[PDB]
Amino acid sequence: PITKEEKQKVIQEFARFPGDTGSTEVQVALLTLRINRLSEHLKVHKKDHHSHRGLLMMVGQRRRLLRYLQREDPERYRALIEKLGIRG
Amino acid sequence: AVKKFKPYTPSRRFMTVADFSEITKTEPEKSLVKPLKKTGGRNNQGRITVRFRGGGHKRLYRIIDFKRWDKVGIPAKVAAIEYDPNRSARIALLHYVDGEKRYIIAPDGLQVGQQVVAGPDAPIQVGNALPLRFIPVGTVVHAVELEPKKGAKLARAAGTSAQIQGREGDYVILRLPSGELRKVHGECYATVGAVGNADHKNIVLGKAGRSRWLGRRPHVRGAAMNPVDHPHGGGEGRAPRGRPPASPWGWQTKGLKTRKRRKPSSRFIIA
RNA sequence: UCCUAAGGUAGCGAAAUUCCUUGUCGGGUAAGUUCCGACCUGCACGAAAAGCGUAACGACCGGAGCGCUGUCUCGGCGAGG
RNA sequence: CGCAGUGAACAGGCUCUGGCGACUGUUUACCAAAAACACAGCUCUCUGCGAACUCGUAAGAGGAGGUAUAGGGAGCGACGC
RNA sequence: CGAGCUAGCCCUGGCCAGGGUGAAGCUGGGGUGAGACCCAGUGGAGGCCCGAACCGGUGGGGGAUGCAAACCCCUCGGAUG
RNA sequence: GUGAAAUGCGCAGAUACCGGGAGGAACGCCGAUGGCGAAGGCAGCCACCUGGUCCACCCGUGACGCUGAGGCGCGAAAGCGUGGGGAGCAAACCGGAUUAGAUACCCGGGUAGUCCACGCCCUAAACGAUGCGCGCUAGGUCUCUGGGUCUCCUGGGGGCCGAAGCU
RNA sequence: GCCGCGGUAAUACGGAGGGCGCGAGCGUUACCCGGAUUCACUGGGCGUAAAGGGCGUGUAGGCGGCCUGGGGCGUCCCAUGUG
């Protein structure tokens, strides 16, 4: 799975001000991590359709948010995407 | 994996070729042990005695090891998987610690860098060779001797195996690739695993040349000849054998059993 | 109802298979014993001596056009051996 | 500028529609090149290895320095259904 | 007695002017969650196409005490297998 | 074996019993008017990868929401393609019965198929025959699952009886 | 016209007597609106009547919690031109 540490490190690494556990920017980087980890999984177990569903649900979330983020702020919208590697 | 081609030509529509993932990173064969020139020659002292053989790409022979009990206890690293023209399975060149090198008919799973070893001691894993007694009943296994010390006779066609079925005194029950059930001596070596390059069955030759490249000359049907020529031969315009199908030599070829009745090989076979 | 070991399915069908036959209807033409599309009472198709189709291929065999012509109406003149 | 510019020479006539064979190929040297044989592919069958099978009185050799995903025999002959 | 013709196989050599078509793979872009895929550009595949040599022998004419005991002419098939 | 039979198997030694072995499918009891899943659907045991969900703490973001033409994915069984498997069961198919007839119902066999992989197919009484999200409008009864300074109170889910209302 | 009438006692056919309507007219056929809240904005629905998409994921679009100001396009009012 994704450990306590791997989780935290990402969080403290994407925060707006230490302590910030929610926030657009972080929420994203959570999923991204889960996704790639999941992305990676379905790539072996192609036949696991059920778990694929969830991915599509997250994928949306991520989108959903990014659109908010972009709407309020073009500045730290680049930041995130680029310092994270998405937009396909 | 079997490459399939786009139809930029008829014939190249049905033709499929092997993947060569298999072997990669080694083509020119091992000048050292590998080569004796192989002698093309489709019959004995004058007369053709296998019809329809001849032509097909000039071919060098790789000298493999079918008796691994020479090198008992000496491990070797698997150095490469290479192409063998002379059989359906692929071969692995392996360097013994000994210095000495040889080719084994490459079993499935086997990968460059692995170490492999033969003896009663050997770990029960891929490519290792062992007397049949010290091999656990249930494992599949190939390149099996039939009498001890006589060389590996069974299970060497691409993707073949046998399975250890039971023990029984000095002897040991074996299910063969045919489906036959045969006692083989305990000392008869065998190499754990099956053979691999098991897509081999699915090549679609693709056209009638190619068949020629592999040295297989065209085969003319019985009826299609005349009576001098064959049993089926003859008949005004097209014909229905006229009882019961037969080789050129005359002996029946639908259902007639041919193995020798009183063979001492009997008592050892059971299917 | 009688017989058989059991009585021809799918699909094809006047066919390289139809004797009667130039079967009969339709198409094509001024006029078509050939051709093409149909209908079956299939003398005597039929499933791996395959059944029915099939793009592409063919110095393979059939039937139409268009172009063009000494093939022909019908022959004439000329060159050379 | 000519009647004319691939100005001489080398240099495809095209179309519609059947039958057969899937295909490139092979054949009756010297009357038949095809709807014949071959063919990739489909099925049946034999063969456990001193294989079956073939040549040979034998020794021997082919099979095969192969081993059932491999070898012999037989029939149908891409593909679709 | 013959395989100095012809048929097959084995060993070792040599030959295929020049045109055309442009498979896969790469590269790039586009695409998506990742993909599939689509686009150019490159590339250079094939019992691929036109067509000499070379191999053949389709149709017609000629020859028929022949140039010839199978020849000549026009035409035609294959031409990296 | 049936309704009673017959086909069928058996003195060539069956059925019934014992021991040794092979192989495939499905997981008794637990098991329920139970649980999980968006649906189809998911049941012996073990381990790994992985989805959704619920409770509590009121910590963070600060309306970042709902729905969704088209697109995209999943989609029982049957069926199709290539290859593997094949014990049991079984369309077709064949035998025996019954019957006027019996291309059925019952009996004896039996081929695909049923299973594995990989790729197609895209339907259904795919049914709660009830699209999704939210707010509001008596309670009673039993049940699964969580949280509590646990005769009880609170949250999420599954049934039954029913206020108002609707029909 | 629709439901239907006529099989020996027909208020439904045909004639007759009488009667109702309208009248230089009266009937038929065709076609438009109406009745038809029977395409429903006004004004209909989909558990079993015809009607929930097999189920998800999401694009365009539709729609949008509480509070404070800036604008005033929708929205409302006034005059005036036109109509």
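The rules behind these values
- Residues numbered from 1 in each chain as written, not as in the entry; some residues may be left out.
- Chains lettered and ligands numbered in written order.
- Part of a larger assembly, values for the part shown.
- Heavy atoms only, no water.
- Axes fitted to C-alpha atoms, helices over the stretch in contact; angles between N-to-C directions.
- Helix = DSSP H or I, 4+ residues; strand = E, 2+ residues; numbered from the N terminus.
- Parallel < 35°, antiparallel > 145°, perpendicular 65-115°, else oblique.
- Left-handed = near helix turned anticlockwise from the far one by under 90°.
- Contact = heavy atoms within 4.5 Å.
- Nonpolar A, V, L, I, M, F, W, Y, C, P; charged D, E, K, R; others polar.
- Pairing = 2+ DSSP bridges.
- Near = heavy atom within 4 Å.
- Polar contact = N/O pair within 3.5 Å; in protein donor to acceptor, adjacent residues only side chain to side chain.
- Core = buried A, V, L, I, M, F, W, Y, C linked by side-chain atoms within 4.5 Å.
- Buried < 20%, exposed > 50% of the residue type's maximum accessible area, 1.4 Å probe, protein only.

Judging from the entry metadata, X-ray crystallography is the method by which this structure was determined, and 3.3000 Å is the reported resolution.

Visitor: How do you make sense of the packing of helix α2 (residues 24-42) of chain A against helix α3 (residues 49-72) of chain A when you look at a structure like this?
Guide: The axes of two packed helices give the description: the angle between them and the distance between them. Residues and elements named next belong to chain A. The N-to-C vectors of α2 and α3 enclose an angle of 150 degrees; their axes lie 10 Å apart at closest approach. One element, α2, and the other, α3, form an angle in the roughly antiparallel class. As for how α2 packs across α3, the hand of that crossing is left-handed. Contact residues: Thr24, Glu25, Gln27, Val28, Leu31, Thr32, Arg34, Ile35, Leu38 and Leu42 in α2; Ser51, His52, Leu55, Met58, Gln61, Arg62, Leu65, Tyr68 and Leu69 in α3. For the contact of α2 with α3, a count of residues per class yields 10 nonpolar, 6 polar and 3 charged.

Visitor: Looking at this structure, I do not really get the sheet that holds strand β15 (residues 181-185) of chain B. What am I missing?
Guide: Hydrogen bonds between backbone groups are what pair the strands of a sheet, and the pairing can be parallel or antiparallel. Residue and element names in this part refer to chain B. Strand order in the open sheet made by the 6 strands is β9-β16-β10-β13-β14-β15, with antiparallel pairing throughout. Either end of the sheet is taken by a strand with one partner, and the two such strands are β9 (129-131) and β15. Each neighbouring strand pair of the sheet contributes to a mean axis angle of 50 degrees, computed without reference to strand direction. As paired elements, strand β14 (residues 171-175) and β15 share 5 bridges and run antiparallel to each other. Note that in β15 the partner of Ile173 across the bridge is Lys183.

Visitor: Can you walk me through the protein's contact with RNA strand G in this structure?
Guide: All names here are of chain A. The full set of residues close to RNA strand G is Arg53, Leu56, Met57, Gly60, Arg63, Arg64 and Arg67. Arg67 places a side-chain nitrogen or oxygen 2.7 Å from a phosphate oxygen of RNA strand G. Grouping the amino acids of the surface near RNA strand G by side-chain chemistry returns 2 nonpolar, 1 polar and 4 charged.

Visitor: Help me out: how do you make sense of the packing of helix α1 (residues 4-14) of chain A against α2(A) in this one?
Guide: Residues and elements named next belong to chain A. Packing of α1 against α2 brings their axes to within 9 Å, and their N-to-C directions diverge by 145 degrees. Handedness of the crossing formed by α1 with α2: right-handed. Residues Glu6, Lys7, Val10, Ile11 and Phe14 of α1 lie in contact with α2, whose contacting residues are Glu25, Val26, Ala29, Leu30, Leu33 and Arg37. Among the residues making up the contact of α1 with α2, the classes are represented as 7 nonpolar, no polar and 4 charged.

Visitor: Please clarify how the sheet that holds strand β5 (residues 76-82) of chain B should be interpreted in this entry.
Guide: Residues and elements named next belong to chain B. Strands sit in the order β7-β6-β5-β8 across an open sheet of 4 strands; the sheet is antiparallel. Two strands bound the open sheet, and with one partner strand each, they are β7 (101-105) and β8 (115-116). Sheet topology places β5 next to β8; 2 bridges connect them, and they run antiparallel. Along β8, the bridge assignment pairs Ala76 with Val116.

Visitor: So what exactly am I meant to see when it comes to the environment of B:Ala92 here?
Guide: All names here are of chain B. Counting through the fold element by element, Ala92 comes out in strand β6 (residues 91-96). Separated by 11 residues in the primary sequence, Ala92 and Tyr103 place their C-alpha atoms 5.5 Å from one another. Contact partners of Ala92, with chain neighbours within four places excluded, come to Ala80, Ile81, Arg102, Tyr103, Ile104, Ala106 and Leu110.

Visitor: Explain the environment of A:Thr21 here, please?
Guide: Among the secondary structure elements, A:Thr21 is positioned in the loop between α1 and α2. When the C-alpha positions of A:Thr21 and A:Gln8 are compared, they lie 9.4 Å apart, and in sequence the two are 13 residues distant.

Visitor: What exactly am I supposed to notice about the nonpolar core here?
Guide: Most often, soluble globular proteins have nonpolar side chains that are buried together. All names here are of chain B. The biggest cluster of nonpolar side chains holds 19 residues, and the ones touching the most others in it are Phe66, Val78, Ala92, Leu94, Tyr103, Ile104 and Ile105. Sorting elements by how many residues they give to this core places β6 first, with 5 residues. Setting aside chain neighbours within four positions, we find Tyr103 in contact with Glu29, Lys30, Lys34, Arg62, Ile63, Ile64, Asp65, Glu82, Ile91, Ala92 and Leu93.

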